[PDB]
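Residue numbers (the authors' numbering), protein chains in the order written: chain F, 10 to 148; chain E, 21 to 570, 601 to 874; chain D, 1 to 518.
Built from N, CA and C at the ideal position, the CB exists for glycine as well.
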Amino acid sequence: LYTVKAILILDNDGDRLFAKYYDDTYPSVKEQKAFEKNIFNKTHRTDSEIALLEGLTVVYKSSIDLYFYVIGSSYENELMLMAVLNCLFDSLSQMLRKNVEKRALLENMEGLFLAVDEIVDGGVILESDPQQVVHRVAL
Amino acid sequence: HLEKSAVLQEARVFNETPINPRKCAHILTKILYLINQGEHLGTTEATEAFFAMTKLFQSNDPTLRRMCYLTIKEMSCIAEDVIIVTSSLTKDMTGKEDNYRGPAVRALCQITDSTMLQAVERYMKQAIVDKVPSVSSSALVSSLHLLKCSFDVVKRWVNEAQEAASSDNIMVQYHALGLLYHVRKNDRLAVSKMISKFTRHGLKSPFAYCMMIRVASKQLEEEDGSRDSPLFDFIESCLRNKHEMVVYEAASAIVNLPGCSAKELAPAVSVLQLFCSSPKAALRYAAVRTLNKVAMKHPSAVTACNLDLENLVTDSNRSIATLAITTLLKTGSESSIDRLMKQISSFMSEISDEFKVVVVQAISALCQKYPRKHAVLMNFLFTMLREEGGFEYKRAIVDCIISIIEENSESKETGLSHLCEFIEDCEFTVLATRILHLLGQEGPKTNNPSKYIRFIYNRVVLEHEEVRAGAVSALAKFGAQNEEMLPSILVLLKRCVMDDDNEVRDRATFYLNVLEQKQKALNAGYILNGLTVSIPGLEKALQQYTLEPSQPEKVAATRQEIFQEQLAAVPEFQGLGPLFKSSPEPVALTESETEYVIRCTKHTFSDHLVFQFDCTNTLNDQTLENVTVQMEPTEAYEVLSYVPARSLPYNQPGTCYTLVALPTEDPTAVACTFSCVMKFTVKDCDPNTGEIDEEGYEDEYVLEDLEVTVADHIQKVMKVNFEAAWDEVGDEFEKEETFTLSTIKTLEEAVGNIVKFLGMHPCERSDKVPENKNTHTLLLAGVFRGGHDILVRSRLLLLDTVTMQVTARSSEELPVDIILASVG
Amino acid sequence: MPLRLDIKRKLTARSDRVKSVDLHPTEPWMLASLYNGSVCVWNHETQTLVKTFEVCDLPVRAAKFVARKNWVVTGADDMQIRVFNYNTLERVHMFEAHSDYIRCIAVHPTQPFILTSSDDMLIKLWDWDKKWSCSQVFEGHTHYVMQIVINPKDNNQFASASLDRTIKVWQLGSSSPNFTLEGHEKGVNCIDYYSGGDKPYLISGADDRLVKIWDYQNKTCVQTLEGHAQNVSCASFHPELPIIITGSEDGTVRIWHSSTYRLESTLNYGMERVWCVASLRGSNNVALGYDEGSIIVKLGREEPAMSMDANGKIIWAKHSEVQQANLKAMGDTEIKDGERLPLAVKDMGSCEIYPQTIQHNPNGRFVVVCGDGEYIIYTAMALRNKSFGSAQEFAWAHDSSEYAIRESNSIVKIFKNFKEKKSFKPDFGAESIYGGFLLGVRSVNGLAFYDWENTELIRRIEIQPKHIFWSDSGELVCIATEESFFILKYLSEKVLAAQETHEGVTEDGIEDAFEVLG
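Below, the structure is given as C-alpha cells:
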C-alpha cells in the first residue's frame, strides 16, 4: 500500500508555503525544505504532467505563484499521480473558497492542512475525489 | 509565520476549565502551522499541550474534531500520558458523518497500541465495510498500522477487509486488497485465495490493479486452492483496462515471465501491450517503454522509437527530455546500442551542463555494458576526457586505469599523453594523476616517455599536493621497473615541486631514499606493474544510468569428497572403513519447509556405510535438542553408532549421522531399505530462528525411509577392453544368474537399468546397443567399496522382452552376489 | 455465513393461538399457553403430555413454571394469575395479577417473585410464598406490556417490552424504570436478554418487520435484523449458538447468524402466524407459538469436532486459546485419568475456511479443516497450506493418507494424497459414506463395501451402518449399526477373485468376499 511519496505545494522558489510528508524520509525542516527546493528546481519552468526527479515520477501543475506537487513512484505514470495532484488542486480550491495561490493557502492555513491529510494518508492515497474531501473537512 | 513556544504554551488553559472550541481550534491550527511552515516543538510545552487537548474532545464540533486528529498525531510522540485520548477518539469514531469517522480511526489507531487494540475493534469493523471511501479506506490504512502493535486483532478484520475488496470503487478496493495481502498472510496460499477471488474481474480501479500487480507479478498457481494457470484476468497479464501505467507494469513482467500467456484481446508474451498505448501525450512515458519483452527489448524497441527519439532530440525542456532519455534507455539492448549511442551523443545538445558529462560517460558506459568493443569504450573514455576535462574525478582515474589494463594500456597512456597537452593546471589533479600513473606503470616504449614526462612536469608545479606526491612515488616505481628511466627521476625529484613541497616531500623522502640509497629490493618488490591503489568494479555505467534523465573457492567437485569432508570431521567414519564413495543418488527424506527438511545421503566405506542426515527443524513452535535419526535396517547390517545433531532450532540445519557396518558375505543385495525416525527433545520456542523454554517434552517426528542402492556401493567407470578386466577381477568369485526384464522390450533400456541400479558405467558405451538385435554382450565396469573392482557381463537375448544371463565377477564374493540380487 | 445447525421438530401440538411458549426451568417439559383458556404442558422428549390446567374459559396468554414450589403460574383473560400444583393437580392459588389480561409472566427462581406483564400498561410483582400477595407494582410503561424477561446478571433487574417503542429496564426496588431504552420504532413486542454472566444485551422486536439488537452496556443499537418480511411478532436470542430466532405473523420463522445477519434459514410449518419465540437457557431447544398450535423445535450442534494425532496436537476449533475461524490446540498434558485435563493448547498457524469438522491426522502429518463443501489441508505442526479438495463430508480412513469424502454427486469418493481417486467410485449410488479401507456407502436400504482396488461391490450387509471403521490391516472391520455392532472378516484372496470376476452384484453384492465374523 503506497503510491504517493509526498505532497508539496510550493511557492515559485521551492520554499515551504506547504509540504506534508507522506514519506518518513522528511520530518526535519531542513531536509523537508531541501526536498521542496529540489523538486521545484527540476520541475519548474517546464510545465508538464511528467518530470522525473530522484528516480520517482513527479507530477506537478502550476498556478499564478505556486507549483503543486505529488511525488509518487515511476513504475506508474503521470496520470495515476495526476489524479492525486488534480484532487489536491481542486479540493483546496473548493475548500478555501478561492483558487490555490499563496494568498488562498495563507488565508486559510487550517483548510489547507486538513484537506491534504484527507487526500494522502502515510503515502497511500486515501482520497482522490475533491468533493468528498471538501465535505469531509470543516473550515 | 509563528513562534512554537507561544503557541505550545497558551494551549495549557484547556487543561483547566476553559474548553472554548473557537479559541482552542485556532491554537491547534497554529500547532499544525508550526510544523507545516517548518519548526520543531519544544517537549515540555508539547507534553502539557497534549494533556490539555483531551478536555477539548468533550465538545463535538466538526472543525475542532478535525484539528484534534491532526494535532494529536503530530504531537503524539513528543508528549506524555497520551493514553487518555483513546476514549475520546472512540466516542468521536462511532459518531456518524465522514468528518468524524474517517479522520478519527486514523488518529486513534496511530496512538493505539496492542493493549488498546481490543477497544477500537467494534468501531473498526463498522468503519472497514463502508463503501463510503473515506471511512473504509482510513479504517483499512489504519489496520495496516495496527498489524505492528498487535497482528491478531487485525487479522480478525480480514472478513470486513474482503467485504470492502468486492467494491469496484477505487479506494475501497485498493485499500481492501492491499491491506488484505499484508494481513491474512500466514502462508502464501491464504493470500493467494484472497487474490484469486478478485482476480476474475475487469476492475475500473486502476490503483487496485497496480497494488495487486505487484503481488501477482510472480507466477501464482495456488490461488484459491489451485488453478491450471498463473492467470490474472485483471490487468497484470490482461489488458482489460487501458491506462498507460497499469499497461506498462503488466506488459514488462508478463512478456518473458508469464502471469499468463498472450491472448488476442490481452497480449502477454507478445511485445504489443505497451506499444498500442505508445504514441501519446506526456502520458506516453509509461506507454512507450519496454523492459524484458519477447525475446529481447529490441523488436519491441522499434515500435515506440519515433516517440522516444523525437522528444529526446527536440525537447530541451528538462521534464520532457528526461522521459525521452529513460524511454530510449528502456527500448535499448545489445543490438539497440548503435542507435542508443548516436542518440545519447545528440542528447547533450539539448541539456548540456552535468548532462554533458553524462552523455560522454554514457556513450563509454553503453559501449562497456552492451559491447561495441572494449577499444571503442576507451576511445569514448578519451572523448569524455576531452569534453569535460574535470568532471572525470578520482574514481575515474582508478576505474579508467583498471579497466584499461584489460587491453588498452599502451594506447591509453599515449592518448592520455595527448590529452594532457590540454590545459596546464585546470585539467585537474586527476588527469595528471592518470597520465602519470599510466606512464609510470606501462613505462612507455610505445611512445617516448620524454613527452609524457615533460607534460606531467609542468602540471605538477601548479596542481594539488596529492598528484605531486603521486608523481614522485610513481617515478620511483618507474625507476625500479625500467633502468633507463632513472636519469629523468633524478632531474624531477631534486626540483622544489616533485619533492620539497609538503606531503610531496615526505613521500618523496621515502620513495627517493629507497630508490637512491637503498637496495631496491623494496622498490622492485613494490612494482608488480605499478598498478593502482585499489581495483573496484565498473562503477560508471550504473551511475550514468540513473544520472542521465534526472573469492568463492571450492575443495570438492564430487559428491564423495564433499560428504567425505563432512564425515572426516567425525572420527568414527574414517576409522571404521575409509570412504570409497558417497551416493550419486542422495534421497531427501522429508520435504523443504514443512515440518522437517531432512536430506539423507548414504556413504560407503570399505566395510561400512555412514548415513549423514542433514536435519532441519522447521517447526515454528519448537526448538529441538539432542536430535538423532534412528535406523532399522531391513537386512543384516549392524547399527554401530549414532552421532547426534546437537540442536535443531527453528529453520536451522544440523547434521546427525548413523554408522552401520556393511555385510561382506550377503547373498542378497546391499540395496537395502532403512526405516528412519528422528527422535528428539522439544523445548518450546517462540518462532524467530530459535529460543528454548525452561522445561519441555520428548517428541518424535517420523521420517521417510532411506534406500541404499548398489549404485552407492559402486562408482562407475568404463574399460577399454572389458574382457581382460572382466577376467582379471576374479572368476573365482564368479556366479551367474539369469533374469527376465519383461518390463523392458529392447537392449538399450535394459543396459540402462543394470547401469543405474548397480552404479556401473557400461563399457565401451554399451548403453547404445544395435536396435532390436538378437544377441548382445553388455560389458559393465565400476569399482565397489573397499576399492575393489566389480565387473558384470550381461549377455542379452532379445525375444519381445529381454532376458539376460548375468555373470559377474569381482575381487570378492559380495559385489557379485549384490549385483546379481539387485538386478533380479 | 456457515453455522452447525439441524432443525428438528421435537413435538407439535395443535390448539388455538398459543401466545406464550416456555421451557420448564429445570425439567425437560415445555409448557405452552393457549387461547383455549387452557394451558397445556408436554414433555417433548418422551412425547407424553404431563398435564393440562384450565386457567380460564377465555384465553391464557402466559404460562411459566415456578419449579421450586412445584407450581405453574398462568395469566389469563380472567386478569388473574392462577397457580396450580402440576403433580397434586389442583389450583394452589388464585389472585388478580392485573386489571387486564396477562401477556407474559417471568419467574425468579432465586427470589419468591414473579413479575407479570399485562396490557393494563403495568407490570406487577407477586410473591408466591406470601400466597401471592402483591409485593411491588411497577408503573412506568404507558402502553400494553407485551412481554417480560429477567436479566440473568441481576435477577432483581428485568426488562419489560411495551408497544410504546421502548423497553424499560427496571429494578424490583423501584416502581419506576430506572432507565429507558428506545429499542424500536413501532412498539416493542418482546424483550429478551442474551444469556450469561458477561452478556449485557437486549433485543427488541417490533411490527415494523424488524428485530433490533441492542447492547445495554454501551446503550447503542448494535445492528438491525431484517427479521421477517412482515411484522416481527417476537424475536429472541439463542444462548449457545450465535443466532437470533424470530417469528412473524406471516407463519415464518427465520434464523439469522449473529455475526453478519445473513439468512441461516426460513421455516414455515403449515401452522402459521408465529406469535412468540422463547429459548432454553441450557441451550439447543427453542419453542415457537403459532395460531394453530405450538411447536417445540430442537436445534443442531450437539457435539464437538476434534481429533487427536500422535504429535500431541489435539485440535479443536472454537474454545479457549483457539479461534473458530483459525485453527489451534494442543494437549500435551497427562495429569490423572480421574479428572478433566487442562486445555494445554499450543498455537497453530493459518486457516482460510470455517471448520464444519476440524481434525488432526491420526499419526500427525496433516491437519484437515473441512467446511462449506471444501477441505483445506494444513501441515501437522507448521500449518502451511499443504493441499485442498472437495468435501461436504471428510473422514480420515484408517490409512489417513487415503480418505473418504462425500462429494455429493451420488457416489461416495475417495481422495488419496488429497487428490481425487476415480479408481474409487461405487457401482451403488450413494446416500451416505462410512470411511475405513472398504468404503461403506449406503444406498437402496443396503450398506455396500467397495474396493479401493477396482470399486466393485464386495458384499452388501443388509443392516445399514452408523459407521464403518476398518482395522489397520484392512481385513477386520467394525461396524456401528443400529443392529449394535458387527465385526466382519474381509478375506483378501476371496475378494481378489470375486472383484476381478465381478461376481459381486451392482446393488446386492457377492456374499462371499466378506464374511460376518461376529
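Under 7 angstroms by beta carbon: chain F residues contacting residue i
| i | result |
| --- | --- |
| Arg338/E | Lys51, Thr55 |
Cβ neighbours of residue i in the same chain (closer than 8 angstroms, five flanking residues each side left out)
| i | result |
| --- | --- |
| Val50/D | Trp29, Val41, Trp42, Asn43, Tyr86 |
Beta-carbon separation (whole angstroms), residue i vs residue j, contact threshold 8 angstroms
| i | j | result |
| --- | --- | --- |
| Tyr692/E | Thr678/E | 5 angstroms |
| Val39/D | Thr74/D | 5 angstroms |
| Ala161/D | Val188/D | 4 angstroms |
| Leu299/D | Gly349/D | About 32 angstroms separates the two Cβ atoms, so there is no contact after all. |
| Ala206/D | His184/D | 4 angstroms |
| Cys420/E | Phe400/E | Wrong, their Cβ atoms sit about 11 angstroms apart, outside the cutoff. |
Top-ranked residue by Cα proximity to residue i, from the options
| i | options | result |
| --- | --- | --- |
| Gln136/D | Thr26/D, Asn156/D, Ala430/D | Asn156/D |
| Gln80/D | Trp256/D, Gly435/D, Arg68/D, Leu58/D | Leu58/D |
| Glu482/D | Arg165/D, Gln464/D, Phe113/D | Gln464/D |
| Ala236/E | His484/E, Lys224/E, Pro278/E, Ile345/E | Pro278/E |
| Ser384/E | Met404/E, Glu374/E, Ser369/E | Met404/E |
| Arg209/D | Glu226/D, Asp6/D, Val297/D, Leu476/D | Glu226/D |
| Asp451/D | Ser473/D, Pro426/D, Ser443/D, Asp472/D | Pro426/D |
| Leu19/F | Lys42/F, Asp32/F, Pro36/F | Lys42/F |
| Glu645/E | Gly364/D, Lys416/D, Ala513/D | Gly364/D |
Residues that residue i contacts on chain E, provided the C-beta gap is smaller than 7 angstroms
| i | result |
| --- | --- |
| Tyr84/F | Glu269 |
| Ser350/D | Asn206, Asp207, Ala210 |
| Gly131/F | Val161 |
| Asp347/D | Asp671 |
Close-in-space but distant-in-sequence residues of the same chain around residue i (CB under 7 angstroms, 5 per side omitted)
| i | result |
| --- | --- |
| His263/E | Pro226 |
| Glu511/D | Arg459 |
| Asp332/D | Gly312, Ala344 |
| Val314/E | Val275, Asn276, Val289, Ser290, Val291 |
| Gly509/D | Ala448, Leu457, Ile458, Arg459, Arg460 |
Residue i Cβ short of 7 angstroms to the ligand SAM heavy atom set
| i | result |
| --- | --- |
| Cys387/E | Absence of the ligand SAM from the depicted structure is noted, as is the absence of any ligand whatsoever, leaving it without description. |
Chain-ordered chain D contacts of residue i [CB-CB under 8 angstroms]
| i | result |
| --- | --- |
| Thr644/E | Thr379, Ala382, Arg384, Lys386 |
| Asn667/E | In chain order: nothing, as chain D lies at least about 10 angstroms away. |
Per-residue contacts from residue i into chain E (C-beta, under 8 angstroms)
| i | result |
| --- | --- |
| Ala124/F | Near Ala124/F there are no residues of chain E at all, since even the closest Cβ is about 10 angstroms away, more than 8 angstroms. |
Contact set for residue i: own chain, Cβ-Cβ below 6 angstroms, skip 5 residues either direction
| i | result |
| --- | --- |
| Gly410/E | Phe448 |
| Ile461/D | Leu447 |
| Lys145/E | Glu180 |
| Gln57/E | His21 |
| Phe77/E | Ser108 |
| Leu439/E | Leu405 |
Beta-carbon neighbours of residue i, restricted to chain D and to distances below 7 angstroms
| i | result |
| --- | --- |
| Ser246/E | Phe388 |
Neighbouring residues, chain E, relative to residue i (Cβ below 9 angstroms)
| i | result |
| --- | --- |
| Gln41/F | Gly58 |
CB contact check: residue i to chain B, cutoff 8 angstroms
| i | result |
| --- | --- |
| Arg86/E | Protein chains F, E and D are contained in the structure displayed, whereas chain B is not. |
task = Identify every run of the alpha helix (DSSP H) within the stretch 96-149 of chain E, keeping only runs that are complete inside it and at least 4 residues long; order them along the chain.
result = Listed in chain order, they are 105-113, 118-131, 137-148.
inquiry  = If we require 3 or more residues per run, which beta strand (DSSP E) segments fall completely within the stretch 674-749 of chain E?
reply    = Whole beta strand (DSSP E) segments, 3+ residues: 688-693, 695-698, 704-711, 722-734.
inquiry  = I'd like the ranges of any alpha helix (DSSP H) spanning at least 4 consecutive residues and lying wholly in the stretch 198-283 of chain E.
reply    = Residue ranges of uninterrupted alpha helix (DSSP H) with 4 or more members, entirely inside the stretch 198-283 of chain E and ordered along the chain, are 208-219, 226-236, 264-274.
ask   = Where in the stretch 401-462 of chain E do unbroken runs of the beta strand (DSSP E), each at least 3 residues long, occur, reported from the N-terminal end onward?
value = Listed in chain order, there is nothing to give.
message = Please give me, in chain order, every unbroken run of the beta strand (DSSP E) with length at least 3 that falls completely inside the stretch 77-144 of chain D.
response = Runs of the beta strand (DSSP E) lying entirely within the stretch 77-144 of chain D and spanning at least 3 residues, in chain order: 81-85, 90-95, 102-107, 113-118, 122-127, 133-139.
key: Secondary structure, beta strand (DSSP E): runs of 3+ residues fully inside the stretch 178-252 of chain D   = Counting whole runs of 3 or more residues, the stretch 178-252 of chain D contains the beta strand (DSSP E) stretches 179-181, 190-192, 201-205, 211-215, 221-225, 232-237, 243-248.
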